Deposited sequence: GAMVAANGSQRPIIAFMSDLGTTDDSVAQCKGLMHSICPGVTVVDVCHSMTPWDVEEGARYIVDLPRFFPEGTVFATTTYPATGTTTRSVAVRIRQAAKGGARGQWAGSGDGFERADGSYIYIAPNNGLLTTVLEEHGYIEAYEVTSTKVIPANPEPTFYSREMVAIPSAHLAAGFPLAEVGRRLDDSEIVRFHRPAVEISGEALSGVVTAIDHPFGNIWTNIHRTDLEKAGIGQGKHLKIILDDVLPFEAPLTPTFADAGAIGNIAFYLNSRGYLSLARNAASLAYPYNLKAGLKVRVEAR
């Protein structure tokens, strides 16, 4: 019972996503399509990477990940299809559901979208998608998200051999983007968690415990060099005490974050991604 998890920049105000799904079913009958998100900022590769990087451990083995923002649609560019190694705490009841390696496939424009996927998970082999068996002989130039991602993803869900979609790629041929690094820790606001107004940073758990920082530690987190927040590190929001109170926590992705307890922190003060972050103890 095959699954395609589908992430795109196609939006939710027209038939575009539905066209893709129609084909997915046409090709892989009995397929279940799980919508990740279709609301991402178009062409914002680094935003899209964030929505797909942590998915594998939550999905059954065999799940195909169709992930696409395709600003170079209609060009010589071709999509890349990749079987990752490690799905990567396990998710689920009990001690979790351990996922076998080489058990997930990403297919995506070769435009950097998979950058964090490949490094957090690794990959066995990557292939350029060119065979007319998994893509159209005459692709609609403007709709590669359908022609060069959705359509072949469904072939791959129906058991089509990855190694036959086209030629094999070298690591150097796989486009990557580059994240700002983390340097007293300096970082950046990665995202606002809608609809809660929570604030996410690029500082990982692993960066804290490397500076002698664990739960309960009193910290200062400064935004934009003008907003000096102060609070103890806590596992969750309610630990901040009263409603509205600032909380400092590690989010479900393993990253230092701020919020208010049952109140929005970002929205009322128009705090957005990009603001810079300084962490002190």
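The deposited chain is incompletely modelled, with C-alpha atoms absent over 1 to 10, 99 to 104, 200 to 203, 302.
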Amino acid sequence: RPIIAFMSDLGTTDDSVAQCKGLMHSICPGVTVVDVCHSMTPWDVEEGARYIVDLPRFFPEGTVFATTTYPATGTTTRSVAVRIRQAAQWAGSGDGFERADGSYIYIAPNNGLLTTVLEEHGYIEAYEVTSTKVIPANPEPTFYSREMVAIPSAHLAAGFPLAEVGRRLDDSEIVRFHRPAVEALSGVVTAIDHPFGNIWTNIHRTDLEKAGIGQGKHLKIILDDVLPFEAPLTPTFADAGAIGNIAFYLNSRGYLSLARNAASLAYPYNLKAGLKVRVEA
From here on, numbers count along this sequence of modelled residues.
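In this entry, 198 to 206 has the higher mean Cα B-factor, the comparison being between 198 to 206 and 140 to 148. In this entry, 210 to 218 shows the higher mean Cα temperature factor of the pair 210 to 218 and 39 to 47. When the Cα B-factors of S79, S153, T115, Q89 are read from the PDB record, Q89 comes out highest. As recorded in the entry, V182 carries the highest CA temperature factor of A157, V182, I135, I107.
For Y70, the recorded CA temperature factor ranks within the lowest third of the chain's modelled residues. In this PDB entry, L275 carries a Cα temperature factor that places it within the highest third of its chain's modelled residues. In this PDB entry, the Cα temperature factor of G30 sits in the bottom third of its chain's modelled residues, the lowest group.
For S103, the recorded CA B-factor ranks within the middle third of the chain. Only modelled residues enter the ranking. Residue-level temperature factors show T236 in the middle third of its chain, judged at the C-alpha atom.
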